[PDB]
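Letters A, B, C, D, E, F and G name the chains as they come in the text, with residue numbers starting at 1 for each one.
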Amino acid sequence: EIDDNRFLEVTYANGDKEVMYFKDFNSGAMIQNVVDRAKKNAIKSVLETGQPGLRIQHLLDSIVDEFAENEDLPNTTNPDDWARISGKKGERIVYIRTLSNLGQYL
Amino acid sequence: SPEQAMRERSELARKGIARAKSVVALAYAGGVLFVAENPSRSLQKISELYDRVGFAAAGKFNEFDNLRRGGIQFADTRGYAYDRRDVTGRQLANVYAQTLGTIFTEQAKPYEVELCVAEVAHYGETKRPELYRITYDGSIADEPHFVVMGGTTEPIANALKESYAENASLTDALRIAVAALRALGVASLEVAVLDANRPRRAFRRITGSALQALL
Amino acid sequence: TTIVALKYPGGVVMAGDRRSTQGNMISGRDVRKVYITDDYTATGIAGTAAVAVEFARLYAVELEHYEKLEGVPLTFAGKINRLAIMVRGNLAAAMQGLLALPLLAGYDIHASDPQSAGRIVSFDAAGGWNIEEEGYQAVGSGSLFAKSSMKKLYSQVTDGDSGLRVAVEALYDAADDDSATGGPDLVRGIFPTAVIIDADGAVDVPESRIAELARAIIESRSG
Amino acid sequence: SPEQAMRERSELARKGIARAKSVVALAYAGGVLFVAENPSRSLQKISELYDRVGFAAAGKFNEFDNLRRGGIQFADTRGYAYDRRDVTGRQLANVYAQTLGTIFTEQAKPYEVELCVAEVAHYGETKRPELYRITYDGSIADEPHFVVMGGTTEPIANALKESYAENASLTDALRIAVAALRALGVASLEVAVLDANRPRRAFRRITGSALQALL
Amino acid sequence: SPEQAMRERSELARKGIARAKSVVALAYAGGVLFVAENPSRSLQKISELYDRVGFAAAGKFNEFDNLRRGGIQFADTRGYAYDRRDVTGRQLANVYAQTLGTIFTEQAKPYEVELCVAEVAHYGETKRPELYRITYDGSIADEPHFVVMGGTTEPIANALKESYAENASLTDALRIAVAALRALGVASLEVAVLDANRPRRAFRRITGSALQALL
Amino acid sequence: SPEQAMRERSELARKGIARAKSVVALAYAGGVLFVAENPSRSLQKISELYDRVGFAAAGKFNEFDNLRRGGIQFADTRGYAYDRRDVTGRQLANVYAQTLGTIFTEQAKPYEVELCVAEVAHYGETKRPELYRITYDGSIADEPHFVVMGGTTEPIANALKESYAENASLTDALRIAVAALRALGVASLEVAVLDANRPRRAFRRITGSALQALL
Amino acid sequence: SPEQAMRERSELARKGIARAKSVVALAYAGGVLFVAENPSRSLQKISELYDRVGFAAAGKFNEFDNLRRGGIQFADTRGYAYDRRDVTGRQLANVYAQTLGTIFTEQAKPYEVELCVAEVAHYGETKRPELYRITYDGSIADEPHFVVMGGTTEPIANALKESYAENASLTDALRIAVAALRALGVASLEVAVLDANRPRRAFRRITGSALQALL
């Protein structure tokens, strides 16, 4: 639930607009891409420092670095995910965002 | 269309509250403490409403100052029509709820505002401070310890959740409130109290060098 | 009825008697005619009891209302003006015998010299007002006797205390020469009421001090 | 979209202010100085509002003159209802903000105007000049040194930022203001001051040969 | 198509009543008993209407409180215009029957409220308690034994159907009502009675320690 | 365009009246007899209008009770303005026709209602009972023997067509009317008469045990 | 597109002014001279407004006569409310500008009119004649020498540009004005002057044989 795994912000009309994390979108292809990125990071590490091993830190960093390259999910999911997000919330999704001169706000 | 027309207005109101400064109100030994992040020296977000009833708000100013004025009007008309000790924080909170609901389902644009009405006991009397939060829906919630309004409320609300202590003195509650608000000097803070020890008018601002000493 | 107000070096004092009559009949032995309308003013009202108490109440409400809307009290000038407009508003009823005249004491925080920031303001039935400069004022049926007493006693006023003593004495002489003004009742223990305003605001004088002053005066007169 | 419509309104108001002359107001030793680029001899963009409160505007003449008139009305009604020393530049600025927040959201066309309300201290008194700028949206900004309105504000603002000096005399502040405004003779300038030294009415125009000598 | 709009109005009102807490009202030996599930200490869903006429509601707070206020207004104006014993629960029910119909057909959104008007006999008099239910349709149902309003009404209505007993004492009817309502402590219950034994004003709240003893 | 709205207005009004109870009114020796199928004990579909003029209705209750009230208002204002014997069933019927036509053409929804106005002669006078039926559009029809309103009118109207007998006593007309209405006990019948023999107020309800004896 | 919609409202007004006759006003030794091409004998396009203030117009007769009347109304109400010498051509011009702007933005169709307000000095006084031109939108322009309104303004404006001479007598200015207008006899010309030498009312028509002699 930590804000370190933020994936999308859904602008629910009724307010309390909800933050969808990576857990809400962990598809199998996303998991394979994450493990491949971790493997690439391990390869870079073994080429940089020499030691032949795979670190848990590689996986931990791939967790946060997977979103650096979008997996075609943000703003482009099927209406099934939007429907489920709305059904759980009970409100229509006005807009989704990735994570002036209009009056005065105090 | 029923909910669809209403919900669209709600999204705009929630967005406006998010683009605004944060205010906190918490109970302490001498009453209630309002601490707001406010750069201007003229425009305010904390106000006396009646003898023992205070008021804080966050969101479009032309709107929550309109409510500030309406509430002052109401409270004084009641106090004169009946008596001063008859106006209570509860009535005021209820009027704000009715009024924010009526704006939500009739006016063109919903008031992007969030209100907190506070009340303390009378002089030489004993009773716990009451905090109410009124949202743009017309919803009203009874808070036992503290209210956080405007901006990102989660980190401030959690920091207060760890630091809060009932019967904290004025200085401790000020430290806790500024600390949780950071999650700022006297030139960027608006601080006032509902001092339960005052004989009649309980609201009292803490500015300048006195504020400097307290923090 | 009789309400005196006098400046002293550094502040203002305002005292009022306690009797309320109907014709020759003594109907109230403990009415309070001097109110604290705000942290720096006090208002006495002579005249019809209803109109008086209502004036005081509504004026206090209005001062505080503007203070809450604007975030700053009116200047002493604005306060004077609002009170004057109320008084002018009661003029028709005053011609119908519902007259109420206010005497307004205040401490101007914005004045240049603190030692002379005290202010006394008197009103007529037609709303005109006047800022007193000879250092003292009074209103009510005993006002003439009170003023003629303070004219002689006023050289003795040098601070808050002596000013209070002189106030109480002036009341004693008002009552001494007029029957509608009640003097200190030693039997029931009812004494004039007094308010003191200085740099720190307005406070009610606690009854004991007025009691001691009254008993000093009474022991002085009887020899 | 609802957001798109508000952005379109903002663009229309910005275009009108951009299609106009430039005005500057800056603090100097004797008070506040208004210097506007104005060719006409009858139509004016600088005006007295109350004893110590001045007013400058940039945009559509009929509208900011409508606001000029409304402000005059307001200030005099207050001054008479309470007293002259009770009307402050701060109240006036606030009223203009509420009015430009109501016009922008309720009327058909937003007012394409930029306002600056100025205030100085009373006679024999000491206090820093206050400048407020009210935008067409209804926002108010507290300015410490100078306000630039209408036309290409950024080049003029950049020059004032380099040339400004607190406690500059009337002639120096006039040279600085005309210079930064150029980034024009007495036949194309409207110049007035809020002279803090005057006993009551502080506003005073500088025209003709006296203006000629000053510049 | 007014039919499509009317069909969606009815669904919207039904959803709002379902999206709310549950209230029950039942007849017992001493009159009528209202038991509502209510967490707040300030906001109430049970009210005195007139000397012997009580009122419970379920739906949107601001709206059924609007109706509460209107009904109080009506009843007092009648009682003063004619006499106290002329205002009856039947008249009140009928007025809320017609006001909810007018609202349901004429206002933008139908009120999402469900009402129950209760009446008992006068002091030293004998007569059966009368319960009426007024829906958002404006339909008025005469109930002989109990009314259930708001939320899911089926399980509560059935549990009451098995447990109900005429002439049950106050404690038994309270146990039955709380039990069927569960299908909650003194900090989450609003309990009041229309005690037929009182001389004039029959409505009487049961809160705190007395409520604690009863349940 | 108006005629297409009228076609929609015809069906909606007709369907609503069909969704209601059946009422009959027939002439008998002592005047006119109203027999309605009515389960409620508080809500009534038969009413006194004036001294000798009665009224029955079938449709949405709120709308024909609105008409009931309007008619009472009218009749009393006339009777006081002129005299009691000047108000006639014919005037009343005509007013209802005008009002239902205006409603049917001008209001959003047509009153789904069907009216029957009945009149008998004055005391010691001789004259045949008059029945008028006013339909939702404003049409008015003069009936010599009986009127049937609401629900399925064909079988009841035919059964009455075979059973009707002029100068039938009160008991026979009650049997005929209940029989044809069946095509129900005292707990589901609303029965009243316009008794031509009463001195002034002819309308008289027959309820409870007296009704029990009659049927 | 708001700008394009304004362009349509601007083109329609411009088309109306072109679909008409031409008027000129120019300064000469004795004041100001109005020369209009006007065939009718009853309908006039030049008028007195106040003692020293004259008025000419071009466009749609009913509308600029509406403005003529409004201006007369204004000027007399001011002159009576304050004094005659307080009404100036500048005030009048400003009022026409405000009014034509309000009409141009708020009414259905913009006033296809073009106005010229003229003023001369008082008797025995010395001051240059002032000419203002007010266009359909509200724009106002200060003219030093001459104004040309309606029809094709380019050739007339240029011919005047070559022929104009300050301090030309009445006959020379008439020849120049008729000549540049041709770019017509006493039966097709409306000629009037604002003669600065008159004691009070400066406006004076030149018609018939006197006009015949002058031209």
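Everything that follows uses one rule, which is that a residue touches a chain if its C-beta (ideal position, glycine included) is under 8 Å from a C-beta of that chain, and two chains touch if they have at least 3 such contacts.
Chain identities (UniProt): B, D, E, F, G = Proteasome subunit alpha; C = Proteasome subunit beta.
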Nearest to the mean of all protein Cα atoms is the Cα centre of chain B
When the C-alpha atoms of subunit E and subunit F are each averaged to a single point, how far apart are the two points in Å? 34
What is the distance in Å between the mean C-alpha positions of subunit D and subunit E? 62
Interchain centroid distance [CA atoms averaged], subunit C/subunit F, Å: 78
Mind pulling the residue numbers of subunit A that touch at least two other chains? 103-104
Which pairs of chains touch one another in this structure? A-B, A-D, B-C, B-D, B-E, C-D, D-G, E-F
Sort out for me which residues of subunit G touch subunit D in the complex. 2, 90, 93-94, 97-98, 101, 105, 138, 140, 142
Per the contact definition, I'd like the list of subunit D residues that touch subunit A in the complex. 6-7, 10, 14, 97, 101, 104-105, 135-140
Across the complex, what residues on subunit B touch subunit D? 8, 12, 40-43, 62, 108-109
Hey, which residues of subunit A end up touching subunit D in the complex? 101-104
Spell out the part of subunit D that touches subunit C in their complex, as residue ranges. 81-83, 85-86, 91
